[PDB]
């Protein structure tokens, strides 16, 4: 659906080539060996364009390769090895459609994590930051051409980037208990990765009693799931949810009937029987399955804003490794993670991400005539024609439609709320009713540049588009192959320092404020309180300023849809 131009596909190909050379220039001859529970790993010292250095261990397995009869199943612990495992190169990413070339890439053998640090033997054990990548549960990787640790390793932390199964391979779900495919395999991968980290971070200079998990978009929903599930109780100590959480409408789906659909797409002939469907899918070539996934959702499902066919789901029966036994809103009520310091935030124009989609499908803007398609599914009737549904839609329309007829920008603004701000609000309010009183801080990422970018901008055809879109903040956390060395006085460089600085500060203390961070001098960053009528956030632009969340007025209008159904809010 996001279709990259020929011109950009070519610029990408040359960038990939140029990056092979840069990566070579930045690899040193110093290798090093570290211990793990499962055996020795050999890493390599790497340099950055800022002339910093760090130790790099990639391709550390945290589970058995989920191949053969392990396909679709929960991850199994990895087998120990004698000798030295080479971790001087990255492994394959999870099978997925390449977000730029449109071809399938990756491998089923993808359950790896990577560990980075500027010092393997620090005087004191360091905060460990664990990044879970986004990508709608269908794309993404921990490759350094996408998520390089180059900025974070300026700081005295251990940074770990994990992979997890994506798409149908990670999120197939079948009702039949005998089959042992309850769903959420990809989240169970994350759980098993977190367990490896808890039990191994000390070997890399990390403090197992100060672990922070963070992620953006699907990675933020993942981080939230990791804070909700009983499987991980007490495993880590801070969470950061960047542009997403588990109660976002895109973050979960009841996809139990879609395995049959995928099989039928792939040529299955027979009855809709879980067992027969599974055995067909078990023998299919993985790339074939992943290639067809885009065709799974029905017209009605897409109209109703179901975004992905396979994703996190409520597991239909309980198993020892069950991650999601109930709907996430119900899980919030009991979540161990409600009681750890938490930071959440969004960009200042999230929905700008949809620019190119509106270009391809301009009729989409007509949905704002009544806005019924954006009424939360729990409240809307099946056909979205009921008088109450039109009334709800009218509330949304008044919040976002500027003039007599809706515009593209109106649609994109509405999207920021539907997909991000409203679920953030619902989460905060729900959590406030079930927490030990531990602090939540909000940020709003509001720094716009075209001088330094990341690959999502190419994926969304957002080159030269002004405004701070979904994903734009990643540029200031992670090196990627489109980046370049910025002057220390550049606003971009300062923003990298600020973002990695605040994240590291929060990781260390559970409080994101520090007067040691340039620009944070007249800043008093207080956490949100249950009694607060209006949220305050740290707005991050060229300056750091505490403000009332500008989106609050609209958020309350969305909330008003639930006036006669408060139990569902």
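Numbering follows the first chain given and starts at 1.
Going by the B-factors listed in the PDB entry, is the mean over the C-alpha atoms higher for 388 to 396 or for 484 to 492?
Looking at the recorded C-alpha B-factors, 484 to 492 comes out higher on average.
Between 134 to 142 and 334 to 342, name whichever shows the higher mean Cα B factor according to the PDB entry.
Per the PDB entry, the higher value belongs to 334 to 342.
Please pick out which of 104, 361, 248, 220 has the largest Cα B-factor as recorded in the entry.
Highest C-alpha B-factor among the listed residues goes to 361.
From 428, 265, 88, 194, which pick has the Cα B-factor that tops the rest in the entry?
Answer, based on the entry's C-alpha B-factors: 88.
Residue 258 CA temperature factor, ranked by third within the chain:
Residue 258: CA B-factor falls in the lowest third of its chain.
Third assignment of residue 17 from its chain's C-alpha B-factors
It belongs to the highest third of the chain when residues are ordered by C-alpha B-factor.
Going by what the PDB entry lists, where does residue 236 fall on CA B-factor within its chain: lowest, middle or highest third?
Middle third, going by the recorded CA B-factors of the chain.
Mind checking which third residue 416 falls in for C-alpha B-factor across the chain?
Its C-alpha B-factor belongs to the lowest third of this chain's values.
Against its chain's modelled residues, does residue 308's Cα B factor rank lowest, middle or highest third?
It belongs to the lowest third of the chain when residues are ordered by C-alpha B-factor.
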